[PDB]
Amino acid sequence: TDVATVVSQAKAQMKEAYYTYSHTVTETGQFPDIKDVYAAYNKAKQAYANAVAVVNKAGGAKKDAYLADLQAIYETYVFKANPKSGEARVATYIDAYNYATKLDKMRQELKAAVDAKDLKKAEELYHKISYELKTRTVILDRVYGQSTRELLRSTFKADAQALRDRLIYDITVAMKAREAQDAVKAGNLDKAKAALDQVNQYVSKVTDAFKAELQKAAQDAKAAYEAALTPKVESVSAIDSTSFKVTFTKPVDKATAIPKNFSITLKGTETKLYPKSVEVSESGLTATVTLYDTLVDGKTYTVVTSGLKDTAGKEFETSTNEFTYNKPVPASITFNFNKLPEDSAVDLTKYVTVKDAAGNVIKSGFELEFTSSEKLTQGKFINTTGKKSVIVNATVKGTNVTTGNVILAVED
């Protein structure tokens, strides 16, 4: 009833509300029921308001000092707009505890979505929870007590971050896959390739939760991206003096990969060579074209392809592509080592190196003939079993580049 006592008590009640959470955090390392804290919060507000009315009535010459005192205690312990450190302790705690338990609930809701393998629900929650973690963690900063701020982060926040982080690959590939689809469906192949590149970058890192669905999504994006590409002739290159290699950017309908659809001209002249046969890669996108006519060393040839179609539908554009035929010039030949392994069939071509005059190794475009102390099979295999030496001679046919007779040890 007396004013001094009323204000004395209302201040005690305001602090009591802060003790409601702070004491239990400190004593037990736990949080109170938030509802007890709300109850204490409301008692303090009512204690405040009642104390004000009593002071307005019977405070006399201390009226203003009383209201300021009350206000100061209120603003520190219970509530204040835009709190600084140590202010609005109860209201900041409530907000942070509520922020933190919403995190926990969202985390648990996310876990349910991955447990139920629901990609769309997990995607939504990942974004919502990401937003909470980034934009609203400042709520935690306004809490009074390093000890209790740390209790909020460890208790609730750390788990939520961990679930979110763990899912980033899953959500990225789902997003990029559909961005890819949407890009091709929108006639934008640069956008689709770039989206697809990301897919490919991350899909080997998705978790188990949605792996099949996500791998499926990624395969659908790849395939849908290929479809939009135009089948192209990429290149031609000589092989020997009567054949050349053609490369496709996309497997070719083998029924269109026939001689009549290939034209070969000695470039800049009217001399035209006839295709004999076309032999396609089951591998899809490369064929060997064999000519009746012979290619001249050092000449350039233009290959005009027409009438080719895809492994499924689309037409290659008539295309012009050249290659130049060069028959290498063997200058030297040597055996790679002073020895051969002990085996019943050693291929001598694997043991010998041929170079041109500049000393560059000539990998193809020449024939090898051998003589040996040992019987030769297929012109190149020898049996070294039970032998400690053998004699061999590699000559590049039918030039005069040759090893001469060389005695090689047999040892592994």
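Residue numbers run from 1 along the displayed sequence.
Asker: Going by the B-factors listed in the PDB entry, is the mean over the C-alpha atoms higher for 67 to 75 or for 275 to 283?
Answerer: Mean CA B-factor is higher for 275 to 283.
Asker: I need to verify one thing: averaged over C-alpha atoms only, is the B-factor higher for 21 to 29 or for 400 to 408?
Answerer: Comparing 21 to 29 with 400 to 408, the higher mean C-alpha B-factor belongs to 21 to 29.
Asker: Quiz for you: based on the deposited Cα B-factor, which of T247, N336, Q108, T172 is highest?
Answerer: Reading the PDB entry, the winner on C-alpha B-factor is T247.
Asker: In terms of CA temperature factor as recorded, identify the highest of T135, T242, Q161, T269.
Answerer: Answer for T135, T242, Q161, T269: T269, with the highest C-alpha B-factor.
Asker: Split into thirds by Cα B-factor across the chain's modelled residues, where does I382 land: lowest, middle or highest?
Answerer: Bottom third by C-alpha B-factor.
Asker: Would you check the entry's CA temperature factor for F210 and let me know if it's in the chain's lowest, middle or highest third?
Answerer: It falls in the middle third of the chain.
Asker: Among the modelled residues of this chain, does the Cα B factor of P341 put it in the lowest, middle or highest third?
Answerer: Ranked within chain, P341 CA B lands in the lowest tercile.
Asker: Quick check on the deposited entry: does the C-alpha B-factor of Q219 sit in the lowest, middle or highest third of its chain?
Answerer: As the PDB entry reports it, the C-alpha B-factor of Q219 lands in the highest third of its chain.
Asker: Within this chain's modelled residues, let me know which third the CA B factor of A88 belongs to: lowest, middle or highest.
Answerer: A88: CA B-factor falls in the lowest third of its chain.
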